[PDB]
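Asker: So I pulled this structure from the PDB, and the sequence comes with it:
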Amino acid sequence: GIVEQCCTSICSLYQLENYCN
Amino acid sequence: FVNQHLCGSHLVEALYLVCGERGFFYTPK
């Protein structure tokens, strides 16, 4: 998932912002 | 914190900054 991907690879900002409420 | 590896607490710090007063959910699963 996200916790994995953004650590092992590089996430774009919009991938992060998908987890805002 | 754009264009970098965000591991452990650093991902949470990034989410806090991005999401602001919306808050966010964090699910390592």
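Answerer: Yep, that arrived. Numbers count the residues shown, from 1 in each chain, chains lettered A, B, ... in the order given.
Asker: Which residues outside stretch B:18-29 are in contact with it?
Answerer: Around stretch B:18-29, the neighbours that count as contacts under Cβ atoms under 8 Å, 6 or more residues apart in numbering or on different chains are A:1-4, A:13, A:16-17, A:19-21, B:11-12, B:15-16. For the C-beta atoms, the positions are set from N, CA and C on the backbone; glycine is no exception.
Asker: Could you say which of those residues is surrounded by the most neighbours?
Answerer: Greatest neighbour count in those, by other Cβ atoms under 10 Å in any protein chain shown, goes to residue B:11: 23 neighbours.
Asker: which residues sit in contact with residue A:19?
Answerer: Contact partners of residue A:19, counting by Cβ under 8 Å, 6+ apart, are A:2, B:15, B:19, B:24-26.
Asker: And the furthest pair within the residues you listed?
Answerer: Maximum pairwise distance among the contacts of residue A:19 (Cβ to Cβ): 12.8 Å, between A:2 and B:19.
Asker: what about the residue most central in space within chain A, which SS state?
Answerer: What sits nearest the mean C-alpha location of chain A, by Cα atoms, centre = their mean, is residue A:16, with 4.0 Å. With DSSP: H, G, I helix; E, B strand; the rest coil as the basis, residue A:16 sits in helix.
Asker: For residue A:5, see how far away the closest residue to it other than its chain neighbours is.
Answerer: Distance criterion Cβ to Cβ, 6 or more residues apart in numbering or on different chains; nearest residue to residue A:16, sequence neighbours excluded, is residue B:18 at 5.2 Å. Using Cβ to Cβ, to the nearest Å, we find residue B:18 at a distance of 15 Å from residue A:5.
Asker: And for residue B:11?
Answerer: Taking Cβ to Cβ, one finds residue B:11 at 10 Å from residue A:5.
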